[PDB]
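The basis for the numbers below is simple: all heavy atoms, side chains too, and nothing from hydrogens, waters or symmetry mates. Note on naming: letters A, B, ... go to the chains in the order of the sequence lines (proteins, then strands), and numbering restarts at 1 for each one.
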Amino acid sequence: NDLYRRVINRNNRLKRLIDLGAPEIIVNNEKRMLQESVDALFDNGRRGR
Amino acid sequence: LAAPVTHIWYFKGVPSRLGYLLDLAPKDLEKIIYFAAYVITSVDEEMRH
Amino acid sequence: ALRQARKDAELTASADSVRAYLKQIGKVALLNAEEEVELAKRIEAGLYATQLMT
Amino acid sequence: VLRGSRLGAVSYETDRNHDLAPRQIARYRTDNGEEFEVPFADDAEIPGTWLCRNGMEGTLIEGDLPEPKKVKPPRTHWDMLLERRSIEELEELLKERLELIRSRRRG
Amino acid sequence: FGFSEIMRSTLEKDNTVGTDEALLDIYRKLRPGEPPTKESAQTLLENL
């Protein structure tokens with residue numbers, strides 16, 4: 001539930017930033033965070049801490 | 001998802017199956033999918049020539 | 001030299017997400033009060049301009 | 001000894017198949033053309049819109065209801081600007097910026 | 001280390017002369033990705 005909640009939290013915030021029209025530094029940081037949260041859901045500790 | 005995400009099983013674990021299919025080194029693939037470098041998806045040869 | 005040692009450290013892996021973000025945001029100068037006033041005036045002018053245009 | 005309950009009930013009934021209440025089937029359609037069937041009870045009021053299996057609302061397929069209206073955001077950047085400026089002040093700012101770009105490009 | 005042919009050989013084969021150059025060579029791999037500033041490179045060993 002914690003891993004699924006991280007995926008949902010970062011996905012909803014990315015939707016907010018895209019419809020807010022934020023700069024690409026913020027949007028790319030959000031996308032990289034979403035990618036790392038889905039990776040930690042599937043296989044935790046395989047890539048990184 | 002509001003942005004596409006790669007599966008960790010097909011990117012990371014040796015041998016990198018995504019790297020073998022697309023012919024990219026794993027170090028050059030990590031930089032793309034974790035937002036540290038750009039990749040040229042397409043080029044135009046008639047207009048350039 | 002120290003130039004080349006700066007640039008070779010400038011393009012690296014940085015496989016930690018916090019460190020990558022901090023390196024990315026530490027590449028723009030700060031602002032002073034009259035510059036902030038100029039930017040705010042430009043924002044308001046452009047916003048009224050697009051409302052007027054639509 | 002630890003003893004926990006996932007907070008639900010288990011009933012002891014015989015699952016029959018014959019004497020069941022009547023049902024009617026509605027059909028909905030989302031904004032990308034998908035279609036879904038929902039079994040409502042026969043003595044029940046069919047709603048106009050339904051949240052389907054894509055997670056997007058679909059309108060009822062029978063052309064009866066003029067229901068959805070505007071629920072507009074009262075908070076945009078233009079609204080936040082307008083509550084602290086005036087039209088003449090913004091017009092003066094716009095004309096000053098226009099004169100600066102005329103003096104820059106044209107002069 | 002005047003008694004050691006090991007130390008004389010590894011002094012000759014290092015191809016790096018100068019304290020500032022050596023501090024640069026250490027700093028380039030100790031904290032990779034950070035630009036080498038002079039005071040930070042000079043105090044990295046002491047504060048480590």
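Under the 4.5 Å side-chain heavy-atom criterion for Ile, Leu, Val, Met, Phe, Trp and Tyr, B:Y20 and B:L22 are members of distinct hydrophobic clusters. Cluster annotation: D:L51 is not connected to D:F40 through the hydrophobic network of ILVMFWY side chains, with a link wherever side-chain heavy atoms come within less than 4.5 Å. Taking hydrophobic clusters as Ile, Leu, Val, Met, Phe, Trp and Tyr residues chained together by side-chain heavy-atom distances below 4.5 Å, D:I61 does not share a cluster with D:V38. Hydrophobic clustering, with ILVMFWY side chains joined whenever heavy atoms are under 4.5 angstrom apart, groups C:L52 together with C:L47. The cluster map of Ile, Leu, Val, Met, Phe, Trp and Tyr, joined by side-chain heavy atoms under 4.5 Å apart, puts B:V39 and B:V5 in the same cluster.
Using a 4.0 Å cut-off between charged nitrogen and carboxylate oxygen, A:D43 and A:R46 count as a salt-bridge pair. Between E:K29 and E:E34 there is no salt bridge, since none of the side-chain N atoms of the basic residue sits less than 4.0 Å from a carboxylate O of the acidic one. Ion pairing between a basic and an acidic side chain is recognised when a charged N comes within 4.0 Å of a carboxylate O; D:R85 and C:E44 show such pairing.
Considering every non-hydrogen atom in both C:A5 and E:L24, the closest pair reads CB-CD2, 4.0 Å. Taking every heavy atom of both residues into account, D:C52 and D:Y28 meet most closely at SG-CB, 4.2 Å. Nearest heavy-atom pair, D:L60 versus D:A26, reported as atom, atom and distance to 0.1 Å: CD1-CB, 4.3 Å. The shortest non-hydrogen separation linking C:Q51 to C:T54 is O-CG2, 3.3 Å. Scanning both residues, A:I18 and B:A2, for their nearest heavy atoms gives CD1-O, 4.3 Å. When all heavy atoms of D:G33 and D:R29 are compared, the closest pair comes out as CA-NE, 4.2 Å.
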Please step through side-chain contact (heavy atoms from CB on, under 4.5 Å) for the pair D:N54 and D:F36, ending with a clear verdict. CA-CA 10 Å; D:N54 340 279; D:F36 305 90; 3.1 Å; yes
Any chance you could lay out the side-chain contact (heavy atoms from CB on, under 4.5 Å) test for C:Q24 and A:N29, step after step, and finish with the verdict? CA-CA 10 Å; C:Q24 178 77 11; A:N29 188 226; over 6 Å; no
Give the intermediate values and the outcome of side-chain contact (heavy atoms from CB on, under 4.5 Å) for residues B:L18 and B:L24. CA-CA 8 Å; B:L18 241 169; B:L24 291 175; over 6 Å; no
Let me see the working for D:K95 and D:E88 under salt bridge (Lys or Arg N to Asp or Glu O under 4.0 Å), right down to the final yes or no. CA-CA 10 Å; D:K95 261 57 195 297; D:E88 51 258 6; over 6 Å; no
How far apart are the C-alpha atoms of D:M56 and D:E34, what are their side-chain angles, what is the distance that settles it, and do they pass the side-chain contact (heavy atoms from CB on, under 4.5 Å) test? CA-CA 10 Å; D:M56 45 205 293; D:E34 303 231 32; over 6 Å; no
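Contact of the D:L93 side chain with the C:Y48 side chain is not registered, since no non-hydrogen atoms from C-beta on lie closer than 4.5 Å. Contact check for E:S40 versus E:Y27: side-chain heavy atoms found under the 4.5 Å cut-off. In this structure, the side chains of D:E37 and D:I25 come closer than 4.5 Å at one or more pairs of heavy atoms. Under the 4.5 Å side-chain criterion, counting only non-hydrogen atoms from C-beta, E:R8 is not in contact with E:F1. In this structure the side chain of A:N12 reaches within 4.5 angstrom of the side chain of A:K15, judged on heavy atoms. The shortest distance between side-chain heavy atoms of D:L81 and D:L90 falls below 4.5 Å. For the pair B:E45 and B:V43, the minimum side-chain heavy-atom distance is below 4.5 Å. The shortest side-chain heavy-atom distance between D:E62 and D:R27 does not fall under the 4.5 Å cut-off.
Formation of a donor-acceptor pair under 3.5 Å by the C:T12 side chain with backbone atoms of C:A9 is found in this model. Between the side chain of D:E89 and the backbone N or O of D:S86 there is at least one donor-acceptor pair closer than 3.5 Å. Side chain of D:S103 to backbone of D:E99: no donor-acceptor contact under 3.5 angstrom is found. Between the side chain of A:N11 and the backbone N or O of A:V7 there is no donor-acceptor pair closer than 3.5 Å. At least one donor-acceptor pair under 3.5 Å links the side chain of E:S4 to the backbone N or O of E:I6.
Between the side chains of E:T16 and E:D14, no donor N or O sits under 3.5 Å from an acceptor N or O. Side-chain atoms of B:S16 and B:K12 form no donor-acceptor pair, as typed in the model, at a separation below 3.5 Å. Residues D:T30 and D:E57 bring no donor and acceptor atom of their side chains to less than 3.5 Å of each other. A:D39 and B:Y34 form a side-chain donor-acceptor contact under 3.5 Å, judged by distance and modelled atom types alone.
Interatomic distance, A:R47 CZ to B:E30 CD, rounded to the nearest 0.5 Å: 4.0 Å. Expressed to the nearest 0.5 Å, how far CG of A:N1 lies from CD1 of A:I8 amounts to 9.0 Å. The NZ atom of B:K31 sits 15.0 Å away from the OH atom of B:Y38 when rounded to the nearest 0.5 Å. A:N44 CG to B:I8 CD1: the interatomic distance, rounded to the nearest 0.5 Å, is 10.5 Å. E:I26 contributes atom CD1, which lies 14.0 Å from atom CZ of E:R31 (distance to the nearest 0.5 angstrom). For the atom pair CG (C:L22) and NZ (C:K27), the distance works out to 13.5 Å, reported to the nearest 0.5 Å.
Surrounding CH2 of D:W78 are more than 12 heavy atoms belonging to other residues, nucleotides or ligands, all under 6.0 Å away. The local environment of CZ in C:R42 is sparse, with at most 12 non-hydrogen atoms from other residues, nucleotides or ligands closer than 6.0 Å. For D:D15, the CG atom counts as loosely surrounded, since its 6.0 Å shell holds 12 or fewer non-hydrogen atoms of other residues, nucleotides or ligands. Around CZ of D:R104, the count of heavy atoms belonging to other residues, nucleotides or ligands within 6.0 Å does not exceed 12. Crowding of E:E5 atom CD: a count of heavy atoms from other residues, nucleotides or ligands under 6.0 Å not exceeding 12. Counting heavy atoms of neighbouring residues, nucleotides and ligands inside a 6.0 Å radius, atom CD1 of D:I101 does not exceed 12 of them. Heavy atoms from other residues, nucleotides or ligands lying under 6.0 Å from CZ of D:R84 number more than 12. Crowding of D:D31 atom CG: a count of heavy atoms from other residues, nucleotides or ligands under 6.0 Å not exceeding 12.
Because its NZ or CZ atom is not both nearer than 6.0 Å to the ring centre of C:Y21 and within 45° of the ring axis, A:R32 does not count as a cation-pi partner of that residue.
Tested against A:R10 for a side-chain contact (heavy atoms from CB on, under 4.5 Å), the candidates A:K31, A:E30, A:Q35 yield a single pass: A:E30.
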